[PDB]
Amino acid sequence: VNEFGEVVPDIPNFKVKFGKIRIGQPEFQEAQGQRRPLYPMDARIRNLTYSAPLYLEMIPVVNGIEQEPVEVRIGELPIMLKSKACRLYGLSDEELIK
Amino acid sequence: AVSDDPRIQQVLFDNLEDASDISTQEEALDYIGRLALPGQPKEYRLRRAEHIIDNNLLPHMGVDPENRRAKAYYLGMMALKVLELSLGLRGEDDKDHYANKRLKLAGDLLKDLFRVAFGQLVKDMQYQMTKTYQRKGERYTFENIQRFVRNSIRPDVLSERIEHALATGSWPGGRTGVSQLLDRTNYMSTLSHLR
Amino acid sequence: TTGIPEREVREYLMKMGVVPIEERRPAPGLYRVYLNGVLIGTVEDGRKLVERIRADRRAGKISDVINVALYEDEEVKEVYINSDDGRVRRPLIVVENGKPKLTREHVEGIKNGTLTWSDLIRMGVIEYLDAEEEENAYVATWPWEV
Amino acid sequence: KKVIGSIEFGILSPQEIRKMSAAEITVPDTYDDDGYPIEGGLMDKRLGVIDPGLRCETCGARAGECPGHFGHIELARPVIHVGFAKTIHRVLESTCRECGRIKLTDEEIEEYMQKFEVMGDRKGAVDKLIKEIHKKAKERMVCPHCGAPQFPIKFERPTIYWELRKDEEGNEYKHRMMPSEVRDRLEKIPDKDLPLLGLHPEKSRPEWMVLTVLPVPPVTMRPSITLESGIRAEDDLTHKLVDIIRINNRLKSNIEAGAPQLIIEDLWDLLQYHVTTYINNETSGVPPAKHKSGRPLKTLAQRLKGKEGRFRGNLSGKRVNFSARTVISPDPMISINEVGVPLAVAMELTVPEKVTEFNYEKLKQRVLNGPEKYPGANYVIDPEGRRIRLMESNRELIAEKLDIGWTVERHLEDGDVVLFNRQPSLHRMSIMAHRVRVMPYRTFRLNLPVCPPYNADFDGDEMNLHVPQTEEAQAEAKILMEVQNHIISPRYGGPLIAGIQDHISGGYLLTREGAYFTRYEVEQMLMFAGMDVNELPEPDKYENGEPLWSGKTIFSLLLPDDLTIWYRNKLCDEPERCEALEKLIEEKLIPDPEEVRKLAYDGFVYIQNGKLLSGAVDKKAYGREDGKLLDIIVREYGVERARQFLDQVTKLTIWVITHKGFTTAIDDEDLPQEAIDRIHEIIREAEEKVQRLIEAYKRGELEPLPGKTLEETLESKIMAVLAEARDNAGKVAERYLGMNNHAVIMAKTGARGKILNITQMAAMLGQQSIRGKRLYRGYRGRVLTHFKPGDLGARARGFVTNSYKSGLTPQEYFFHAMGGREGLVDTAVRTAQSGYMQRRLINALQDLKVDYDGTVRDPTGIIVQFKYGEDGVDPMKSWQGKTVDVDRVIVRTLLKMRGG
Amino acid sequence: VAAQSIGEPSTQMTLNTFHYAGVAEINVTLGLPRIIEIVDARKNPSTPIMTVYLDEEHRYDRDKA
DNA sequence: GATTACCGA
DNA sequence: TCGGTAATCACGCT
Ligand SMILES: [Mg+2]
Ligand SMILES: [Zn+2]
Ligand SMILES: [Zn+2]
């Protein structure tokens, strides 16, 4: 992300500087929106994509002056089972049965 | 810049003097403009050869014309290694030996798939900012950026490109078959497909 | 191999006797220390520098992904350092002057719950070779014939 | 009821496309949308029906049996066709512009008229003649009729043309040629100049090569595939034709109203580009027009072609009916020319039967019985043609008076000829008409001696049968293709369908000296091996212990009564004791079978009058390669006799190998201690000779050969020492362990064995090389990192020294995987080069017959070989290349006459 | 049946004893790659070896041969 | 990606 | 000599 930085639009007033990224815990919202955590056995049994949201805040540069950063989610990102970011990391033997 | 060994050095005088009295300095940049297209381009002559050398000759050193001082030394060093082989001073380096054969895997491949899909999202950001400045003009000053930023994204462009390239295994570089579904019969064979 | 930041390695070798690119001629100066394919710096004695880094790695000061190879041709001399992120390595046990290092007194410790592989590579008895450092080795096969 | 005489090709005139076509297409649209799918353009504008809607060009024509029809496109501007464009350039640089002549004098016209009819037969000779006319018209710029009006030079590659014209004084501007400028030149050629080119005045006019009107293919050649349930995937040809009409449409409006003059020529080239992919997508210099998902479009030239196109994919190789495909599994109880068929496949395949007058009592029962009980029928047929399927709710009203002339389809029975197939179909013989026998399970069964023609084994393979049906193609299958006609092969004369693994090594246990069977075991085995003899097992030849027979005379009941053959076979270990037998036989043609013949050996087979006096049967009487006791029984006693010699031998021989035991345990490889120490003195001094030969090269005692270099002489000498060492140790083990365990019986006679891999199991394993070099790939001067570098020793450069019994140490095992992967690569590499090399030779040579007067002729009547194959004997029935075999004839005919 | 009986034996062309025990004849590409070089014309062919026989005066004399 | 060979200055 | 371009590379089955 820090490769790109500022590029354009054509208007001299608005500019966008790129901030930081956080990755949330794996969750999923259906229609009639409601966000609940996924559990990988549920995502191989009704054809979903076990994924995590990609939040990225941006810096609006107004004439030089930076004043308000807003965090916007850009998309999703698939996530590997029993990695450090999924819900199975460091999780004991009697809990994987659950 | 190349070498100081005299036996290497006398070979360079043969390659210099045979063709140095054809083309002088700073004109082979123009000669690529003779080669890439003809019939007095002038504006296409100089300018396209500046785009060829700075974007095809060794991009791992830089993209600026400042960086040409480093690229002259790097490519000068490889021409050494050809010319003690004409005499015979080392041996051939074999491309099977595991000192030089690395493995790009799921950490490094997935960054290449993120780069293309995120770079195309930035181009989609610019289309929704320039095509919104005029259709509505001016609105509430601090609530401009609360609606210029959040409305000019349309998030689903990113995630489909991530999934569809890996749910088929045909990546936009040209690679085919990089995602093969996990062969699942007999536990010795799920594990052997992970190795 | 996982990866490591490259720039910290440049500072660490420069004070240990690396004579940089600002001064080098180089040839024929008994020289050409590389770093991940890039040529940086020069040192005078080949046998001194390739043994010096290996003694520091088998103490615990520098990080554990560093491996030095030497090339000893009759007319050509290179010192290779590798600090990239995608190599394939292999574990061996260091032997030293005829005796296998860290015999039984540590081996009951692995059998007990005291220490482990995280402790043996810090204590300096296990070594991960590349294909390139493995050129300099000469490996036995059994504890009988050493 | 006519037949096709000849097919004549040409080019469609644009006049002829208008008369063929039924509609003009101007609307780039398919359905638009979800109700009334009728438009004015590319779909059914009276053009072709592919849906179940009956609307066509007034002719009914439901989707079954509706041939599509052709449309046309009035292209507003002329367009160069792609495939002719290479040959339009040959026309343009060989004609005098502005008048239309040929740039030749009348002298060369009158000379080269006569050369057409002289070389008026062969294609290759007249194709070379048309280049020299192209050659002579090229090197002229002054025509004899127009005073040299500054002829320009054409140019090409791929489609854009140019000219080198002068304007001011000596200018060289390249005026790009337009297709309207080209086609005006082509119409000025008179029709009489066309024989001087490669053209024809009634079938190929040159101005018809420029497409003024593009025809539209019908709907039935461009189907509409439905994706899930209601979404229709548009065909690749349909998708490009829609986009052609939208680049035309504007162009009509562009030149009728628009006047910027620049985009027109720019639009002009888009038309060219867009139809060029439509003819052939994979041309050069053209970016492939992709589908908007990532697939290139397979247009007309890829539908016709492309290794799965429509000459090999669908026309000359087709998918068939009435077949099956399952696995195979042995049984040695059916005859040589039968086959098992499962009863599930037998009840889903049918032949037609056509009840005449004498099977009418039979086929009343086959149709009354339903399609459930195994003698049953499926489909009855009246003489009109309305078939009546039997399954539904009654068969009694069809099992009435069956009305002679009908055709009933019933299941396969015991006797109906089927075929069989292996699929890799290498040689002539892997399809052979069998004679169905029906048994309940799910595998095709197959008699063991018929498995060197198919080249099969029984580790889960797949064989496919397919029933022939019509009464001409079925009586052809039975006479010309049954198994017993194919007992010898056309490649070498020797027998092919013969005995295998147990049939050889069982026959050695029957004819050993000391094979004395008792009374119960003789009498039991003559019942099992087919034969029918009365109460004559007689006469209890050696009653010394008890009244029991010998082993020779049980084998001497299968032979005909006047054989006389004598030959020496593989088991001969003492050549001197054969001599004595040979000498006596040759001088006294018929001695008495009792007295002198009990001086016999066990390696000299001698049979007279159907009585084996002396011998021992091994793989010289059967076998996939030459066995001269099945060979001499097909040239003397028909064929139908030799199918019951091989049917009774096989069941007799597997009997004795069953009830005598033929195990092979782990002690068969075992050597006592002092024999093992004999081996180690060979391996030590052969290693000492290697260590000495390294020192000779290293200090300058080279001893060079003149041809090779010092490294290549060294490798030569070293390998010879290593090779010889392994054969010298192979002779020690082979000499020691006797020929009385059941692991060398399998190796001397020959049934899956050698005498190499039984001394590669209690001795060395030799060296371990890779395509002639010894193992050298690895690190910088050392193969594994367990060896000090700069070493050429035996132990250190690929040479194992432990058996497959005494354990391989870890350098030897990793040296052994290197030599093993060289063997597996050369299976899959060599198979693909031999497969393509066969397609070259079949397709070039499949035309040649033999006429009645003995002449091999091609299809044009050119004689290829007089008096077929240096006249005239078939190599399938010749003996070992030669002809009539006087030598055998003399001995055979004399013996019978003299013997009496 | 001419094209099938020449195309069957080339598929069973497995490995042989590539370590032949001769000296004079050298590297003449035995096996399946010879059969393609004789069928396809190929003006070039790799490893030409022309056998030379001698007359009545250079037949038995060792050094004169 | 490798063999050829035909075609082109 | 000498450089250039296409056109070619098992059988069946999921
Ligand atoms: Mg098989
Ligand atoms: Zn119709
Ligand atoms: Zn003229």
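Cut-offs and rules
Every chain's residues are listed with numbers counted from 1 in the order the sequence is written; these need not match the entry, and residues without coordinates are not shown. Here every chain gets a letter starting at A, and every ligand a number starting at 1, in the order they are written. Here we see some chains out of a larger assembly; the values all refer to those chains and nothing more. As a rule here, side-chain values come from all non-hydrogen atoms in the structure, and water together with hydrogens is ignored. Here a donor is any nitrogen, oxygen or sulfur atom (N, O, S) within 2.8 Å of the metal, with 3.2 Å used for Na, K and Ca; water is not among the atoms considered, so some sites may look incomplete. Relative accessibility decides the category of a residue: with a 1.4 Å probe and only protein chains considered, values under 20% of the type maximum give buried, values over 50% give exposed, and everything between is partly exposed. Each residue is tested against the molecule or strand, and it is near if at least one of its non-hydrogen atoms lies within 4 Å. Between N or O atoms, a polar contact is any pair within 3.5 Å; within protein, one atom must be a potential hydrogen donor and the other a potential acceptor, and residues adjacent in sequence are included only when both atoms are from side chains. Think of it this way: with four donors and all angles in the 85 to 135 degree range, the site is tetrahedral; with four or six donors, opposite ones beyond 155 degrees and the rest between 65 and 115, it is square planar or octahedral; otherwise it is irregular. Counting from the N terminus, the helices are the DSSP runs of H or I reaching at least four residues and the strands are the DSSP runs of E reaching at least two. Contacts between residues were defined by any pair of non-hydrogen atoms, one from each residue, lying within 4.5 Å. Any residue with an atom within 4 Å of a point lines the site, the site being either a cavity, points on a 1 Å grid over the protein atoms alone where a 1.4 Å probe fits but cannot get out, or a pocket, an open set with protein on both sides within 12 Å along at least 5 of 7 lines. Grid points are joined across faces, edges and corners, and a volume is the space filled by probe spheres set on the points. Put simply, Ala, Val, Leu, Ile, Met, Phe, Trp, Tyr, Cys and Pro go in the nonpolar bin, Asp, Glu, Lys and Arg in the charged bin, and everything else, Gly too, in the polar bin. Put simply, buried area is the surface a 1.4 Å probe can reach on two separate parts but cannot reach once they are joined, added for both. In this analysis, strands are considered paired if DSSP registers two or more bridges between them. Take a side-chain nitrogen of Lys or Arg and a carboxyl oxygen of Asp or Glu: if they are within 4 Å of each other, that pair is a salt bridge. Residues belong to one nonpolar core when they are buried, are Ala, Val, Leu, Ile, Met, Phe, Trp, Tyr or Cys, and are joined through side-chain atoms within 4.5 Å. Grouping into patches uses exposed residues only, defined as over 30% relative accessible area, and leaves out salt-bridged ones; the cut-off is 9 Å for like charges and 5 Å for nonpolar side chains (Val, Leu, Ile, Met, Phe, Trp, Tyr). The method behind every accessible area is Shrake-Rupley, applied with a 1.4 Å probe, and residues are considered shielded solely by the protein chains displayed. Lines fitted to C-alpha atoms define the axes, with helix axes restricted to the stretch in contact, and inter-axis angles between N-to-C directions lie between 0 and 180 degrees. In what follows, roughly perpendicular refers to angles from 65 to 115 degrees, roughly parallel to angles under 35, roughly antiparallel to angles over 145, and oblique to any angle outside these ranges. Note: crossing handedness is left-handed where the near helix turns anticlockwise from the far helix by less than a right angle, and right-handed where it turns clockwise.

Structure determination for this entry, per the PDB record, employed cryo-EM and reached 3.79 Å resolution.

J.: Describe the coordination of the magnesium ion (ligand 1), with residues and values.
T.: Taken together, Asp457 of chain D (OD), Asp461 of chain D (OD) and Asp461 of chain D (OD) make up the protein donors of the magnesium ion (ligand 1), found 2.1 to 2.5 Å from the metal. When its relative accessible area of 39% is taken as the criterion, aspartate 457 of chain D is described as partly exposed.

J.: With reference to specific residues and values, describe the protein's contact with DNA strand F.
T.: Neighbouring residues of DNA strand F: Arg42, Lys43 and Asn44 of chain E. One of the backbone nitrogen or oxygen atoms of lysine 43 of chain E is found 3.2 Å away from a phosphate oxygen of DNA strand F.

J.: Can you lay out the coordination of the zinc ion (ligand 3) for me, pointing to particular residues and giving the numbers?
T.: Residues and elements named next belong to chain D. Taken together, the protein ligands of the zinc ion (ligand 3) are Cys96 (SG), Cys99 (SG), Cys143 (SG) and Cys146 (SG), with distances of 2.5 Å. Coordination geometry of the zinc ion (ligand 3): the 4 donor atoms subtend angles of 89 to 175° at the metal centre, consistent with an arrangement described as irregular. Counting along the primary sequence, the residues that act as donors to the zinc ion (ligand 3) give the motif C-x2-C-x43-C-x2-C. A residue pair is termed long-range when its members are at least 10 positions apart, and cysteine 99 in the loop between α2 (85–92) and α3 (106–118) and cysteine 146 in the loop between α4 (123–138) and β2 (164–165) qualify at 47 residues.

J.: Now, about the arrangement of the chains: what can you tell me, with residues and values included?
T.: Contacts between protein chains span 5 pairs of chains, and they are most numerous for chains A and B. At the C-alpha level, the nearest point of chain C lies 32 Å from chain E, with no contact between them.

J.: Can you tell me about the layout of surface pockets, naming the residues and giving the values?
T.: Sizing a probe to match a water molecule and rolling it over the atoms shows the empty space that remains. By volume, the second largest pocket is sized at about 2600 Å³. Lining the second largest pocket are 48 residues, with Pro78, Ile79 and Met80 of chain A together with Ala106 and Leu166 of chain B positioned closest to its centre. Looking at the lining of the second largest pocket, the elements that each hand over two or more residues are β1 (14–23), β4 (51–62) and β6 (70–78) of chain A together with α5 (106–130), α8 (156–166) and α9 (188–191) of chain B. In terms of residue class, the lining of the second largest pocket is built from 32 nonpolar, 8 polar and 8 charged.

J.: Help me get a handle on the interface of chain B and chain A, residues and values and all.
T.: Contacts between the two partners involve 23 residues from chain B, matched on the other side by 25 residues from chain A. Together, the buried faces of chain B and chain A total about 2100 Å²; carbon and sulfur atoms form 81% of this surface. Counting across the chain B and chain A interface gives 3 residue pairs in polar contact. When residues of the side of chain B that touches chain A are assigned to their parent elements, the largest contribution, 11 residues, is made by α5 of chain B.

J.: Give me the lowdown on the sheet that holds strand β14 (residues 417–418) of chain D, citing residues and values where you can.
T.: Residue and element names in this part refer to chain D. If you walk across this open sheet you meet the 3 strands as β9-β15-β14, and the pairing is mixed. Of all strands in the sheet, those with a lone pairing partner are β9 (339–341) and β14, marking the two edges. Where β14 lies against strand β15 (residues 434–438), 2 bridges are found, and the strand directions are antiparallel. Residue pairing across strands places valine 417 opposite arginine 435, the latter belonging to β15.

J.: Any chance you could break down the interface of chain D and chain E for me, citing the residues and the numbers?
T.: Facing the 19 residues of chain D at the interface are 19 residues of chain E. Summing both sides of the interface, chain D and chain E together bury roughly 2000 Å²; the carbon and sulfur share of this comes to 63%. Summed over the shared surface of chain D and chain E, the result is 1 salt bridge. Close ionic contact of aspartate 40 of chain E with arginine 840 of chain D constitutes a salt bridge, the shortest N to O distance being 2.5 Å. The interface formed by chain D and chain E contains 4 residue pairs in polar contact. Partitioned by chemical class, the residues of the side of chain D that touches chain E number 5 nonpolar, 6 polar and 8 charged.

J.: Break down the protein's contact with DNA strand G for me, citing the residues and quoting the values.
T.: All names here are of chain D. By nearness alone, every residue bordering DNA strand G is listed as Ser284, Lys307, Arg325, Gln423, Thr831, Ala832 and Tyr836. Restricting the count to atoms of DNA strand G within 4 Å of the protein gives a sugar and phosphate share of 80%. Residue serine 284 places a side-chain N or O atom 3.5 Å away from a phosphate oxygen belonging to DNA strand G. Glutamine 423 has a polar side-chain atom sitting 3.4 Å from a sugar or linking oxygen of DNA strand G. Among the residues forming the surface near DNA strand G, the class breakdown is 2 nonpolar, 3 polar and 2 charged.

J.: Go over the nonpolar core, please, and point to the residues and values.
T.: In this structure, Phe420, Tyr454, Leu465 and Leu629 of chain D are the most contacted members of the largest nonpolar core, which totals 66 residues. The residues touching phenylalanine 420 of chain D, leaving out its near neighbours within four places in the chain, are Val339, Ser430, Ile431, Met432, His434, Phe444, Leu446, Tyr454, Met463, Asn464 and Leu465 of chain D. Counting 23 residues, the second largest nonpolar core, distinct from the first, contains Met58 and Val72 of chain A together with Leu121 and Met129 of chain B.

J.: Outline a nonpolar patch on the surface, listing residues and values.
T.: Residue and element names in this part refer to chain D. On the surface, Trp566, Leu589, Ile590, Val886, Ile890, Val891 and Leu894 cluster together into a nonpolar patch covering about 600 Å² of accessible area. Considering each element in turn, the nonpolar patch owes the most residues, 4 residues, to helix α21 (residues 886–899). Here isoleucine 590 is to be found in the loop between α15 (576–587) and β19 (604–608).

J.: Which residues make up the pairing of strand β24 (residues 863–866) of chain D, and what values go with them?
T.: Residue and element names in this part refer to chain D. Across 3 bridges, strand β23 (residues 855–857) lies against β24 in antiparallel orientation. Residue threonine 855 lies in a different strand from β24, and its bridge partner there is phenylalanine 866. Linking two consecutive strands that pair antiparallel, namely β23 and β24, is a turn of 5 residues; a positive phi of about 90° is found at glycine 861 within it.

J.: I'd like to hear about the packing of helix α20 (residues 810–845) of chain D against helix α1 (residues 32–39) of chain E, residue by residue, with values.
T.: Packed helix pairs are specified by the crossing angle of their axes together with the interaxial distance, meaning the distance between the axes. Interhelical geometry of α20 of chain D versus α1 of chain E gives an angle of 25° and a closest axis separation of 11 Å. When the axis of α20 of chain D is compared with that of α1 of chain E, the two are roughly parallel. Viewed along their axes, α20 of chain D and α1 of chain E form a crossing whose handedness is left-handed. Here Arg830, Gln833, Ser834, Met837, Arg840 and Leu841 of chain D of α20 of chain D lie close against α1 of chain E, whose contacting residues are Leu32, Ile35, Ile36 and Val39 of chain E.

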